[PDB]
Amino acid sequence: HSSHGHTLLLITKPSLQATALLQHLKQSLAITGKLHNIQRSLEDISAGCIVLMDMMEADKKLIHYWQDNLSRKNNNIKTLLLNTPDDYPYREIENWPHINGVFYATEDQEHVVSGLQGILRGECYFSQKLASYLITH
């Protein structure tokens, strides 16, 4: 349960609803967090960051941009993909640096809280089939 530790970085289109989701995750997880505009560059990324990368706001350019500059880091960070297309290819997921989970659900907040509680415990959030793909390799 460390605060230094872990912090949420929600990278998406800034919106009232993104704020509502971030506040809900912060309160449910008892963690600090911030929202960052997916279309804006970032220089300062804290060490414990759990990046929630909004795939519905990402195109090929932004995927490349966020893959490129997050790989420069670590900095001990974890990337989880949010609002992920069904059938986003496994080959593409693997190419994300520091990839720790994939969220598909657009309706089940509780699903997502539970997954993030796992990440705080050192667990990834992958289906059995995707974890197997990633492990082997």
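Just count from 1 along the sequence shown to find any residue number.
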Should the higher mean CA B-factor in the entry be assigned to 67-75 or to 94-102? 67-75
Higher of the two mean Cα B-factors (5-13, 19-27; per PDB record) comes from 5-13
Comparing C-alpha B-factors across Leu62, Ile45, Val112, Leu81 in this entry, the winner is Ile45
Quick one: classify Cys49 as lowest, middle or highest third of the chain based on its Cα B-factor. highest
Chain-wide C-alpha B factor ranking for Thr32, given as lowest, middle or highest third: highest
